[PDB]
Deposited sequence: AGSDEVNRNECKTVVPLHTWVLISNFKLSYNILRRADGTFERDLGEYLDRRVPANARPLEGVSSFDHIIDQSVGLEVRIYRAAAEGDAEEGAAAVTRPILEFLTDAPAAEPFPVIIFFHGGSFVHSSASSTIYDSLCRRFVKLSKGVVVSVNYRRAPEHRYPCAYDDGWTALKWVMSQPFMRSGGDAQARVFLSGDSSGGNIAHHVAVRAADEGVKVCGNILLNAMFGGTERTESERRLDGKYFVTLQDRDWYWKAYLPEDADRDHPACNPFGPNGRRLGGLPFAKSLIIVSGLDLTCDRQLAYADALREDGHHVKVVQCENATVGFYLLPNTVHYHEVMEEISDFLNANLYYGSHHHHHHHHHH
């Protein structure tokens, strides 16, 4: 089943979020900010990892939190190391790079990768609709590539992985596509329960609706909140290989590690997403965690948690050179 601590943690979010979504498609933003569990950045290492907050684009107030083992001016490292650009989940609406669940996950990523994590505080819906979150991810990719500190190896370049869960996995994808269109090299994408959608329901959507925290009513709400006012769930932001989609054959697209919870009602879409990437000639590794609900990567309390941290470490190591 669901471990008790997972059930209690994810239910606390579910029940809180229930009161923040308004029927008219606006959001209780001030109360949301007040109720979120967050931590500050700290230059003093906790369990060997330090963090730093930094504004990278004044025009939109765009902030990142940088994590490293324990400066942006420093020389490129001789030996390759990964830079993971991370986009938090929260369905385009919730959470922040400072949210404790994501601060914790990024710290674990540093220990795992022996690299640097850059967690992006992208602009959120409904106040900031498509394509703002994608713009912010592109901004963060270009910024990372330009810093001497982020660069490593013989060719002195940033070895970038784009990563995110939920809405953040969606963002990682669109940023990766933009990178491939502009000939910017991304070493890999790491998607955890990447958020995709469509006008029709899939089998998994109908079967799992309401059973493990997530409801179709809330998924529909979040898509409505992020997508343009005149759009529907077949908008390509939402359904990148659907009727209005675009195939990616021929692009220098990143290799992908695609992690999917079997008890996430959108699993069908995630696997069809992976299938499409393969169909287009790109390299994909899918890790299906059959017994896992949304959020499982947030608590170190299941086999799937351990399995996935290991798959992430292997993927990083395999794609660094």
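Counting the deposited sequence from 1, the stretches lacking C-alpha coordinates are 1-13, 84-101, 353-365.
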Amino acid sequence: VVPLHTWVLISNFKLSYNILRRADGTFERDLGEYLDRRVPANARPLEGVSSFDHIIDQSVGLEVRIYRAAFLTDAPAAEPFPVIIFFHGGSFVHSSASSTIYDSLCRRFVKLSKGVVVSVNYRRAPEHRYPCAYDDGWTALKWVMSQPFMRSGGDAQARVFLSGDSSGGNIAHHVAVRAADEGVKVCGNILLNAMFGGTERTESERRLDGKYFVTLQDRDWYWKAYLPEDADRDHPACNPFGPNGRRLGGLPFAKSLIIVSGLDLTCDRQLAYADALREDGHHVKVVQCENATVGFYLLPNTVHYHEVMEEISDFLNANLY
From here on, numbers count along this sequence of modelled residues.
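According to the PDB record, 248-256 carries the higher mean C-alpha B-factor of the two stretches 27-35 and 248-256.
For the pair 176-184 and 81-89, the mean Cα B-factor is higher in 176-184.
Note on the listed residues 136, 229, 220, 165: the highest Cα temperature factor in the record is that of 229. Annotation for 148, 126, 169, 197: 148 ranks highest, by Cα B-factor. In the deposited entry, the Cα temperature factor of residue 157 places it in the highest third of its chain's modelled residues. Per the deposited record, the Cα B-factor of residue 235 falls in the middle third when ranked against the other modelled residues of its chain. Per the PDB record, residue ranking by Cα B-factor puts residue 273 in the middle third of the chain. Per-chain ranking of the deposited C-alpha B factor places residue 2 in the highest third.
When the CA B factors of the chain's modelled residues are split into thirds, the value for residue 295 lands in the lowest one.
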